[PDB]
Every structure is written in C-alpha cells, then in structure tokens.
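Enquirer: Here it is, the structure in full.
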Amino acid sequence: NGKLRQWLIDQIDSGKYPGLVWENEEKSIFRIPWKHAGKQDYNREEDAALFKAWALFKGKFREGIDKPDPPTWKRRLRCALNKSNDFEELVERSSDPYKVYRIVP
Amino acid sequence: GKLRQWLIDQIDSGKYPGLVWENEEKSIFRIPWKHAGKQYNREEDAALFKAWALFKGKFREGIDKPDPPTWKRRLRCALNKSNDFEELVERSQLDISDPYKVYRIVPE
DNA sequence: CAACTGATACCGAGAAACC
DNA sequence: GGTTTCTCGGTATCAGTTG
C-alpha cells in the first residue's frame with residue numbers, strides 16, 4: 021500500500037532524471053518534464069526514463085520479456101498521479121514543457 | 022455459501038445469453054465478461071449482476087439507486103475468491119467480441 | 001488510433017463484515 | 001471458524017482531442 025508517494029520522492033531525490041527537480045526548500049512542490057514523443061526535442065532515453073522506471077518498479081514491464089511501450093508508461097503514470105490524493109497538479113503554473125505537482129500531507 | 026448453487030441454477034436456467042455450459046457433465050461453463058461503455063445491451067448484460075444483488079438483498083427496487091459497476095464487481099470479487107469454482111485461465115477469452123471467462127466447478 | 005487526455009469502469013489484496 | 005463485501009491504491013478502457 022502507498023508505493024507511489026515514497027517512490028516518486030525517491031525518484032526526485034535520486035537526481036537520475038534531469039528536470040525532475042524540487043521547486044521550494046520544504047520539498048513540497050516539484051517540476052516534472054512532460055515532453056511529447058512526436059516532437060523533435062524528444063530524447064527517447066531521457067524523456068521516457070521516469071515512466072519506464074515506474075513500469076519496472078511495479079513489474080508491469082520486464083526487460084527482454086515484454087515489448088517496450090513508452091506511451092503506455094506515460095499514460096499509466098499520469099492516470100496514477102491524477103487519481104492519487106497525495107499529489108495535486110498546479111495548473112496555473114504548469119520548448120521544454122513540464123507539469124508542477126504539490127504533495128499534500 | 023449460497024453462491025455455488027445459486028450459479029448452477031442460473032446456468033441451467035439459460036436466462037442469460039453467453040452464459041452456457043461447456044460440457045455435458047455440467048462441470049465447466051462460460052460466463053460473459055464484457056466491459057461497459059458509457060451505457062449497447064446495458065440491461066441484457068447487467069442481468070446476471072442485477073440478479074445477484076437482488077438475490078442477496080444488496081439491491082431492493084424502490085430503495086436503492088441502481089449501480090451496474092458495483093453489481094458486476096461484487097459478483098466478480100465473489101467468484102474469484104470463491105473456493106467452489108476455479109478459473110481455467112488457459113481457456114478464458116478476453117480478446118474477442120463477446121468475450122468470456124471459463125470456470126470449473128470443484129466437487130464437495 | 002500515433003500520442004495523448006479526462007472520466008469512468010475495472011481489479012486484486014487485505015480488511016473488514018457478515019454467516 | 002468459512003463466504004461475501006468493503007477499502008484502497010492503483011490500472012485499463014472509452015470516446016474523443018491534439019491536453
């Protein structure tokens with residue numbers, strides 16, 4: 021139970037994802053890159069990495085077993101972030121597009 | 022456990038399309054497992071889940087608001103957890119038009 | 001129907017709530 | 001002690017939009 025919140029915090033603190041950064045000292049709001057896969061500025065490795073990391077973490081994707089599908093990984097994390105009460109996107113603040125999310129206690 | 026019989030009675034009834042026996046031994050059956058849209063036979067397909075909530079007194083006409091999603095859910099959570107039935111995943115078919123799941127009645 | 005979306009239907013694991 | 005429902009935290013499909 022409650023794997024998403026802790027996992028995403030760990031992924032931000034990890035520093036393995038460029039653009040996945042905190043935006044205040046309290047570690048309560050963060051920015052998340054949201055590049056479109058069609059556009060040219062879409063570096064496949066770096067812009068799909070966090071979604072692939074969430075599919076791997078939950079066992080939905082297994083390397084060398086299943087066909088990669090970045091669009092499904094993207095949709096899975098978005099649907100999860102919308103559903104979860106722990107996160108709330110701040111829309112008035114969302119070439120390098122992104123989203124901003126606040127963590128609620 | 023009123024489920025295990027309740028179900029053979031509804032199969033032998035045949036009051037539900039897509040809900041058939043698979044052998045003359047009365048031991049393996051199909052149960053339709055369609056995904057709702059926004060509504062396309064929203065009452066023919068919901069009949070079994072309605073029947074189950076009516077039976078177990080979870081839905082009394084004129085007292086509760088109808089709710090197809092939770093009628094199918096309850097019946098499905100019951101069938102999967104039940105010990106009187108097992109699913110034959112190798113024969114289930116969730117990738118066709120008019121899809122279904124196949125179960126076996128274990129004797130006891 | 002490529003990628004993407006919100007809204008909604010759906011699912012399984014415990015945790016109750018019944019029987 | 002034995003079945004069925006309830007909770008919860010996600011995941012999947014629908015009916016479109018290009019977010």
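Quick note, the sequences are listed as chains C and D, same order.
Residues 21 to 114, 119 to 129, numbered by the authors' numbering, are exactly what the first sequence covers, in order.
Residues 22 to 60, 62 to 130, numbered by the authors' numbering, are exactly what the second sequence covers, in order.
Quick reminder that beta carbons are idealized off the backbone N, C-alpha and C, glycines included.
Inspect the CB distances between the region 92-110 of chain C and the region 62-71 of chain C and report whether three or more fall short of 8 Å.
Expert: At 8 Å Cβ cutoff, the stretches touch.
Enquirer: Between which two residues does the alpha helix (DSSP H) carrying C/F71 extend?
Expert: Taken as a continuous stretch (DSSP letters only), the alpha helix (DSSP H) holding C/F71 covers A69 to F77.
Enquirer: Between the C-alpha atoms of C/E83 and C/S34, what's the straight-line distance to the nearest angstrom?
Expert: Taking the straight line joining both Cα atoms gives about 22 Å.
Enquirer: Rounded to whole angstroms, what's the CA-CA distance from D/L28 to D/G58? Just pull it up for me.
Expert: Going by the C-alpha atoms only, they are around 26 Å apart.
Enquirer: Return the CA-CA distance between D/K103 and D/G22, expressed in angstroms with no decimal places.
Expert: Roughly 12 Å separates the two Cα atoms.
Enquirer: Just to confirm my understanding: we take C/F77, look at its own chain, exclude 5 residues before and 5 after, and list those with CB closer than 8 Å. What are they?
Expert: Cβ within range, chain order: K23 and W27.
Enquirer: Can you give the Cα-Cα distance for C/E112 and C/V124, rounded to whole angstroms?
Expert: Taking the straight line from one Cα to the other gives about 9 Å.
Enquirer: Grouping DSSP H, G and I as helix and E and B as strand, with all else coil, what is residue 5 of chain D?
Expert: The structure shown does not extend to residue 5 of chain D, since chain D is modelled only from 22 to 130, so the question has no answer here.
Enquirer: Just verifying my parser: in three-state terms, what is the DSSP assignment at D/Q115?
Expert: Note: D/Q115 maps to strand in three-state DSSP.
Enquirer: Specify, as a first and last residue, the run of the alpha helix (DSSP H) that D/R25 falls within.
Expert: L24 to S34 is the span of the alpha helix (DSSP H), which, as asked, contains D/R25.
Enquirer: Between which two residues does the beta strand (DSSP E) carrying D/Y122 extend?
Expert: Element bounds for D/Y122: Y122 to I127.
Enquirer: Put D/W93 into one of helix, strand or coil per three-state DSSP.
Expert: Three-state DSSP puts D/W93 in a helix.
Enquirer: Given this structure, state the Cα-to-Cα distance separating C/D86 from D/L116, to the nearest angstrom.
Expert: Each residue's alpha carbon lies about 19 Å from the other.
Enquirer: Smallest Cα separation from D/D120: which of D/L40, D/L110, D/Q60 and D/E108?
Expert: Comparing Cα positions, the closest option is D/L40.
Enquirer: Whose C-beta lies closer than 8 Å to the C-beta of D/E108 among residues of the same chain, with five residues either side of it excluded?
Expert: Only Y125, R126 and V128 meet the Cβ criterion.
Enquirer: Taking D/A75 as the reference, which of D/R64, D/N44 and D/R98 has the closest Cα?
Expert: Among D/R64, D/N44 and D/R98, the Cα nearest to that of D/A75 belongs to D/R98.
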